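For reference, the structure discussed in these notes is given below.
Protein chains: 2
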Amino acid sequence: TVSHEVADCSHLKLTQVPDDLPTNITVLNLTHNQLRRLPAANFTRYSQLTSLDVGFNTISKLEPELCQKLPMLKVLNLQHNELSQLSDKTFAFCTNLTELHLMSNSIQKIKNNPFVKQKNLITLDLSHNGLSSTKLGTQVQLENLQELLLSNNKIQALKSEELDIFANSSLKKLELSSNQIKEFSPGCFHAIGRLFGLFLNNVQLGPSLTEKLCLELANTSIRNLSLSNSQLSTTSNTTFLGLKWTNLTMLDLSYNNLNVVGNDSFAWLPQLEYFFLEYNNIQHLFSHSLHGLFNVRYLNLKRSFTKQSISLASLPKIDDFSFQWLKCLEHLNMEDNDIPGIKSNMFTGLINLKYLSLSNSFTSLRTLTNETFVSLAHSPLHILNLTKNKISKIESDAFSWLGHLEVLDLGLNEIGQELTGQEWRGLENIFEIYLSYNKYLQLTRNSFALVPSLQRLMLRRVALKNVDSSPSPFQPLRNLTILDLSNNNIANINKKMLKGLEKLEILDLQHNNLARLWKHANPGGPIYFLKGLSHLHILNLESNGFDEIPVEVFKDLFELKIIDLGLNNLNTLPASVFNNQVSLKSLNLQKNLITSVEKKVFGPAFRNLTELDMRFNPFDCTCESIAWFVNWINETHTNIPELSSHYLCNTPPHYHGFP
Amino acid sequence: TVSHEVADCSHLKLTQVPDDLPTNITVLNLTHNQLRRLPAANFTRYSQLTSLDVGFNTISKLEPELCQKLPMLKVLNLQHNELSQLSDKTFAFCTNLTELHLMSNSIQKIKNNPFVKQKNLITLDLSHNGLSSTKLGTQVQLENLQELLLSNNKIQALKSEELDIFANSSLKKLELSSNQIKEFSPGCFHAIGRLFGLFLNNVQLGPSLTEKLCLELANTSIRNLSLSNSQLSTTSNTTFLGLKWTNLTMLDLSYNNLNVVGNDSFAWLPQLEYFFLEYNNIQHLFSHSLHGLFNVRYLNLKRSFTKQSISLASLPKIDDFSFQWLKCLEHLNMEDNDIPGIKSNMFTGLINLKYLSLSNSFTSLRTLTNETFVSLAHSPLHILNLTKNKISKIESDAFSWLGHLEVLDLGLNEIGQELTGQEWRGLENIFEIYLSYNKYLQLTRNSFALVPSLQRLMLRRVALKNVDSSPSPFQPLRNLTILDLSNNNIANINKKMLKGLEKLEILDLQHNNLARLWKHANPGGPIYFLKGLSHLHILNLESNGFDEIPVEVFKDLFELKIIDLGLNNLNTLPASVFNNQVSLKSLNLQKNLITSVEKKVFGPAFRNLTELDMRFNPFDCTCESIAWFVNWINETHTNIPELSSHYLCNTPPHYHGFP
RNA sequence: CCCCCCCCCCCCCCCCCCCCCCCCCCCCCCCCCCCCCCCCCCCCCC
C-alpha cells in the first residue's frame with residue numbers, strides 16, 4: 029500500500045485494516061476489499077483521518093466507538109456494503125461529517141431517528157436502497173443538508189408528513205430517480221423550507237401525473253426540474269400550468285419519447301433559460317408550440333425529431349416561424365435529426381443566436397442555394413456546423429446573409445466542385461473554415477480572395493487539384509496561421525505557394541507526394557517552398573516519400589519547435605542542416621532508412637530537446653557512425669521512448685539485433 | 029564496316045564503295061547510303077559476290093560492265109533507286125540471277141526488251157513504279173520466273189497481248205495491288221501458261237467488275253485469289269459464277285466493307301479450303317448464304333459483322349442453321365464482333381470443328397446457361413475461347429456438351445460466383461483452364477472435383493476466397509503441373525494445400541500476403557506448404573512481404589531451377605538453406621533488405637548458376653560480409669546484369685555508393 | 001436448501017483506436033518501344 033500523503037488500498041485484497049501507517053494520514057482509502065467487520069480497537073493509531081472510504085467491501089455492521097477515534101472525520105464513505113441495520117447511536121459521536129454516502133446498503137426501513145445527532149452534514153446519499161418511504165426521522169434535523177439522493181429505491185408514494193422533517197432545510201438537489209411513485213399528496217413539497225432542484229429521471233409519470241406534479245409544485249422556489257425518461261409521450265397546454273407560479277430556470281424532457289408537443293404548452297415558463305428535449309420522437313412542430321419561451325438561452329434538440337421510415341416516409345416537418353418566440357436563444361443544438369431541409373422561415377425570429385449546430389440534421393441538403401439561409405439574415409450567428417449533411421454543391425452567395433459568421437464547418441460532406449471564390453462572399457468576419465473529408469475540391473487563383481481575414485484552413489483528404497497555379501491560392505490569406513493540406517496526394521507545388529505567409533505557425537503536408545520536388549535531379553532544381561516561414565512552429569511531413577533533403581530547406585525556420593519526418597525514405601542527410609533550428613524541441617524520424625547518426629547533421633538538432641523518435645531505423649553499429657549517438661544517449665535529458673526496445677542495430681551482422 | 033562472313037554498311041553514310049574487303053566475300057550490303065553512281069571499275073577486287081544489296085541509295089544509272097565482275101551473282105537488289113532508264117544491255121551479261129528487286133525506281137515505260145538475256149530469274153519485283161502497262165518485252169522470256177510484282181503502279185487496263193510474253197511461264201504469284209485497273213480483256217489471263225495466284229488488294233472493282241473478273245478467270249489453274257480491300261460492298265449469287273470451272277482453294281474478301289452477303293453466292297467453290305472475311309460490315313447472315321462451301325477447312329470472321337450503334341440498335345443477327353453447310357470446317361475465328369448471343373441452332377452442322385474463338389464476340393453473354401452451347405454437342409471442339417465476353421455467371425452443366433474440350437479460356441471476364449464444382453461437369457478431356465482477370469472467385473472443397481485430368485490452372489488476379497479450406501481444393505488435381513495463384517491477395521494457406529501434387533512444376537504465388545505464415549512468431553509455427561514438391565522447377569514469390577525464411581522450407585525442392593524472392597523484405601537468411609538446391613540456375617533477390625552475403629547461406633546457391641539478380645539490395649562493405657561475395661564475383665561465369673551500376677554498398681558511410 | 005452483496009481469476013461477443021503486410025483503383029514523374037505530323041540541312045531525277 030503505497031502512501032505519501034494519502035493511503036490507497038484499491039484492489040489489494042485486504043481483509044483486515046493495516047496497522048503500519050503514518051499517524052498524520054488524512055485520507056484512508058480501503059475500496060474494493062474484503063473487510064467483513066470494522067472493529068474500532070484498530071483505529072487508536074489513526075486519529076487524524078478526514079476521509080475514510082471503505083466502499084465496495086463486505087462490512088456488515090459498525091459500532092459507535094468508530095467515530096470516537098476520528099474526531100476530525102469529515103467524509104464517511106460506506107458505498108455498497110451490507111449495513112442494513114441503523115440505530116440512533118450509529119452516528120451519535122459523529123457530528124463533523126460533511127458527507128455520508130450509503131449507496132447499495134440494502135437498507136429496508138429507517139427505524140426511529142438515526143440522523144438526528146449530526147447537524148453539519150452537507151451531502152447525504154441513499155441510492156440503490158430498499159426504502160419504501162422518504163421518512164428519515166421523527167423531529168426536524170439536517171438543517172445544513174444541501175443535497176439528498178433517493179434514486180433506485182422502492183418508493184411508491186410521497187406523503188407530506190414523510191418530508192415534514194425538512195421544515196428548516198435547504199435541499200439544493202432532491203433525487204427521486206428510478207422510483208415507482210404514482211401518488212402525490214397535497215402540500216408534500218411545501219414541507220421543505222427551501223426546495224431548489226428535483227430529478228424524477230426514469231419515473232413513469234404520464235401526462236396526467238405530470239400535470240398533477242406541476243400543480244403540486246406551484247408556488248415554490250424551484251430552480252431546476254428534470255423529467256428525463258419520464259415516458260411523457262404527449263404534452264397538453266395545461267400540463268405545465270402549475271409551473272406559472274414558480275421561477276423555474278432549467279427544464280429537461282430528454283428520452284421521454286415525446287410523440288407530439290402540444291400547442292402553447294410552455295406558455296407558463298417566463299423565467300426558463302435552459303431547455304432540454306434531446307432524444308425524443310417529435311413528428312410535427314407547430315408555429316405556436318414554443319410560445320411563451322421568450323427567455324430561454326439554451327435549447328437542445330439532438331435527435332428530438334422522429335427518424336425517417338421507408339414504410340410511410342414520415343419526415344418530421346417544422347412549421348414556418350417556429351422559433352419566432354425564442355427571442356433570447358443563443359445556443360441551438362439540432363444534431364442527429366432528419367429534417368427535410370431549411371425553409372424560407374425556419375429560423376425567423378432568432379435575434380440573439382450565437383451557436384447553431386446542424387451536424388447530421390438533414391436527410392439530404394445537397395445544394396446550398398443563395399436562398400437556403402435567408403432566415404438567418406437577422407441572426408448574429410458566429411459558429412455554424414453543417415457536417416455530415418451530405419452537402420454536394422455550394423452556389424454563389426450561399427453565406428451572404430451570415431455577415432457575423434466566424435467559424436464555419438463544412439467537413440464530412442460530399443462537396444465536389446471548384447472554388448470560384450464567390451461561395452465565401454459575405455463572410456467579412458470569418459476566422460476558421462473547415463472543409464476536410466469532402467469529395468473533391470478544385471482551387472483557382474482567387475478561390476480564397478474574398479476571405480482575407482481567414483486564420484485556419486483545413487483541407488485534409490479533399491483531393492486538392494490545381495494547387496500549383498501560377499498565382500498562389502493562399503496569397504490573399506495574409507493572416508493565415510494554421511494550414512492543413514494533408515492526405516490530398518499533392519504532387520506539384522510551386523516555390524511561391526506560401527510566399528507572404530509570415531504568420532503561418534502550423535503547416536501540415538503529411539501523406540502527400542513531394543519527393544520529386546526535393547530531389548537534386550528535379551528539372552529546374554529543388555523547390556524551396558519552406559522559405560520565409562519565420563513563425564513556423566509545427567511542421568509535419570509524414571509519408572511524403574522523401575529520399576534526400578536539400579541543405580538550404582530549413583535555413584529560415586528559426587522558431588521551429590516540432591518537426592516531423594517519419595514514414596519517409598530518408599537514408600542520408602547533408603551536414604549543417606539543423607543549425608538554424610535553435611529552438612527545436614521534438615524530432616521525429618521513425619520508419620526511415622537512416623543508418624548513420626553523426627554530429628555533423630544531428631549535432632545542433634540534439635543540442636536540447638524534449639522528445640526524440642528514431643525507433644524503426646536501420647542503424648549501423650560502427651565507431652564512425654554510432655559512437656557519438658550512444659555517447660549522447662548515455663548522458664542526456666531528452667525523453668526517448670522505447671530506447672532499449674526499438675533502437676536496434678541492423679549492420680554489421682555481428683551486431684544484428686544489438687541495441 | 030564490321031564483316032566476318034558478310035559485309036554490312038547500313039546507315040554508315042557511305043558515298044563510294046569501300047576498297048578494303050576480303051576477296052571471298054559473298055554478300056555485300058550497302059543499304060541506306062549515298063552512292064550517286066556505281067562504276068564497275070571498283071568491282072575488280074570483288075569477284076565472289078552472290079548477294080549485292082544497294083537499296084535505299086541515290087543510284088541513277090548503271091553500266092553493263094557491272095555484271096562482268098560478278099559472274100556468280102544471284103541477287104541484284106536495287107530497291108528505291110532513281111534508275112528510270114533501262115536497255116537490253118543493262119541485264120545482258122547477268123544470267124545467273126535468282127532475284128531482281130526494282131521497287132520505287134520510278135520506271136515509266138519498258139522500251140523494247142530488257143529482261144530477255146536472263147532465263148534463270150526466279151523472283152522479279154516492280155512495285156511502286158510508274159508503269160501503265162504490263163508489257164515486259166516483245167518475245168517470250170522469263171521461263172523460270174515464279175513470282176512477279178506490279179503493285180502500286182499506274183496501270184488502268186489489262187490487255188491479252190500485254191501478258192502474251194508469258195506463254196510458257198509459271199507465275200506462282202502475280203501481284204496487281206493498288207492499281208487503278210477498270211477494264212478486262214478476253215483471254216488476258218489465258219496467255220500465261222501456268223497461273224497460280226492473284227492478288228488484287230486495294231483495287232476498286234465493284235460487284236460488276238468482280239463478276240467480270242470471275243468470268244474471265246474461268247477454266248484456269250488458279251489456286252489463290254485474294255480480293256482484300258476491293259470495295260466489294262455487295263455480293264450476288266452470280267458474282268462468283270466463273271470460278272466454278274476452276275479449282276480455287278484460298279479466297280480473301282478482307283476489308284471489303286461487305287454490307288450484305290448474297291444468298292447462295294459461294295455455291296461455285298467446291299474445292300475452297302481457306303476463306304477470309306475479316307474486317308467487314310455484314311449486317312444479316314442467311315441460312316443459305318454459306319451454301320456450297322462444304323470443303324472449307326479454315327474460316328476467319330474477325331470483325332466480319334457490323335458494330336452496334338445506339339441510333340438504331342442494329343445488332344448483327346445470324347440466322348439459325350447458318351453453318352450447317354460447312355461440314356469440313358476445323359478452324360473458326362469470330363473475334364471482335366457484336367453478336368447478341370448464341371442461339372439453339374447457331375453452330376449446328378459443324379461436325380469437324382476443332383478450334384472455336386469467341387474473344388470479344390458478343391455484346392453481353394452474361395450468363396452461361398446449360399442450353400447456351402447446345403449447338404456444339406456434335407462438334408468435337410478442342411479449344412474454346414470466351415475471353416472479353418463480359419461473362420458474369422456460369423450455371424451447372426454449362427459445358428456438358430463439350431465432351432472433347434481440352435483447352436478452355438474464360439479469362440478477361442467479370443465472372444463472379446462460387447465454384448460449386450458442377451460448372452465443369454462434362455469435361456472429361458479438359459487439360460487447361462484459364463480463369464484469370466475475373467471479378468471474384470470463391471473456392472470450395474469440391475470446386476475442381478469433376479476435373480481430375482486438369483494440368484494447368486491460372487487464377488491470377490481473381491480475388492480468391494476460401495482457399496484455406498480444411499480439404500484442399502486442389503486435392504483431386506493429381507496431374508496438375510502449372511498452378512497460378514498470383515495477385516489474389518491470399519493471406520491464409522494451410523500446410524496441406526499442395527499435398528499430393530508431386531507433378532507440380534511451375535508454382536506462382538507472387539503479389540500475395542504470406543509473410544505471417546513464415547514468421548517464427550506465427551501461432552502454431554511456420555506453415556511448410558512447399559514440402560513434397562520434388563518436381564518443382566519455377567517458384568515465384570515476388571512482393572509477398574516476407575521478413576524471414578524458415579530453415580526447412582526448401583528442403584525438398586531438389587529439382588528447383590528458377591526461384592524468385594524479389595520485392596520482399598528479407599534482411600537475414602538462416603545458414604544452410606540452399607543446400608538442397610543442387611540444380612539451381614537462376615536466383616532473384618532484387619529490392620530486398622539483404623545486407624550480408626555469406627558463404628554459409630549463399631555458398632551452395634552460387635555453386636553453379638546462369639543468372640543472378642541482387643541489384644537493389646543495401647549491401648554492407650565489410651570484410652566479414654562482402655569479401656567472399658566480391659571474391660566470387662572476381663572469378664565466376666554467372667551472368668550478373670548491371671553488376672557495376674546497381675550492386676552498390678550503403679554501409680559504412682565511408683564506402684557509401686562504392687560498388 | 002433459497003434470494004441478494006462484493007474480491008480474485010479464467011473465457012466469449014460487440015464497438016472504437018493503432019501498427020504490420022498485401023491487393024485493387026487512381027494520381028505525379030521518369031524511361032523504353034510503335035505510329036503519325038512538322039521543321040532544318042545535304043545529295044539526285046523529271
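Chains as they are written, first to last, in PDB author numbering: chain A, 29 to 687; chain B, 29 to 687.
The beta-carbon is built from N, C-alpha and C at its ideal position, and this holds for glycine as well.
Check each candidate in the options and name the one with the smallest Cα separation from residue i.
i: residue 209 of chain B; options: B:319, B:97, B:160; result: B:160
i: residue 328 of chain B; options: B:383, B:340, B:614; result: B:383
i: residue 316 of chain B; options: B:241, B:354, B:655; result: B:354
i: residue 290 of chain A; options: A:261, A:178, A:272; result: A:261
i: residue 584 of chain A; options: A:575, A:571, A:556; result: A:556
Less than 8 Å between the beta carbons of residue i and residue j, yes or no?
i: residue 452 of chain B; j: residue 414 of chain B; result: no
i: residue 432 of chain B; j: residue 398 of chain B; result: no
i: residue 362 of chain B; j: residue 386 of chain B; result: yes
i: residue 250 of chain B; j: residue 267 of chain B; result: no
i: residue 227 of chain B; j: residue 200 of chain B; result: no
i: residue 629 of chain A; j: residue 593 of chain A; result: no
i: residue 276 of chain A; j: residue 300 of chain A; result: yes
i: residue 545 of chain B; j: residue 554 of chain B; result: yes
i: residue 320 of chain B; j: residue 303 of chain B; result: no
i: residue 125 of chain A; j: residue 102 of chain A; result: yes
i: residue 333 of chain A; j: residue 292 of chain A; result: no
i: residue 187 of chain A; j: residue 169 of chain A; result: no
Which residues does DSSP list as the beta-bridge partners of residue i?
i: residue 151 of chain A; result: A:127, A:175
i: residue 201 of chain B; result: B:175
i: residue 456 of chain A; result: According to DSSP, which records beta bridges pairwise, residue 456 of chain A is partnered with nothing at all.
i: residue 568 of chain B; result: B:536, B:592
i: residue 345 of chain B; result: B:312
i: residue 677 of chain B; result: B:647
i: residue 280 of chain B; result: B:254, B:304
Would a check of beta-carbon distances place residue i closer than 8 Å to chain A?
i: residue 344 of chain B; result: no
i: residue 684 of chain B; result: yes
i: residue 504 of chain B; result: no
i: residue 571 of chain B; result: no
i: residue 599 of chain B; result: yes
Give a yes or no on whether the minimum CB-CB distance between residue i and chain B is below 8 Å.
i: residue 575 of chain A; result: no
i: residue 548 of chain A; result: no
i: residue 624 of chain A; result: yes
i: residue 446 of chain A; result: no
i: residue 602 of chain A; result: no
i: residue 3 of chain A; result: Outside the displayed range of chain A (29 to 687) lies residue 3 of chain A, so it cannot be described from this structure.
Legend entry - Segment contact, 8 Å Cβ cut-off, at least three pairs: the segment 632–647 of chain A with the segment 570–581 of chain A: By the Cβ criterion, the segment 632–647 of chain A is not in contact with the segment 570–581 of chain A, since fewer than three pairs of Cβ atoms, one from each stretch, lie closer than 8 Å.
Inset, instruction - Mind the definition here: the segment 607–623 of chain B touches the segment 659–671 of chain A only if three or more C-beta pairs lie below 8 Å; say whether that holds. - result: No: fewer than three Cβ pairs fall under 8 Å.
Legend entry - Stretch pair the segment 672–686 of chain A + the segment 40–54 of chain B: three plus CB contacts closer than 8 Å: The segment 672–686 of chain A and the segment 40–54 of chain B do not touch, with fewer than 3 CB-CB distances between them shorter than 8 Å.
Legend entry - Stretch pair the segment 481–494 of chain B + the segment 503–516 of chain B: three plus CB contacts closer than 8 Å: Between the segment 481–494 of chain B and the segment 503–516 of chain B there are three or more C-beta pairs closer than 8 Å, enough to call the two in contact.
Legend entry - Contact the segment 464–474 of chain B vs the segment 421–428 of chain B: 3+ CB pairs below 8 Å: The segment 464–474 of chain B vs the segment 421–428 of chain B: no contact.
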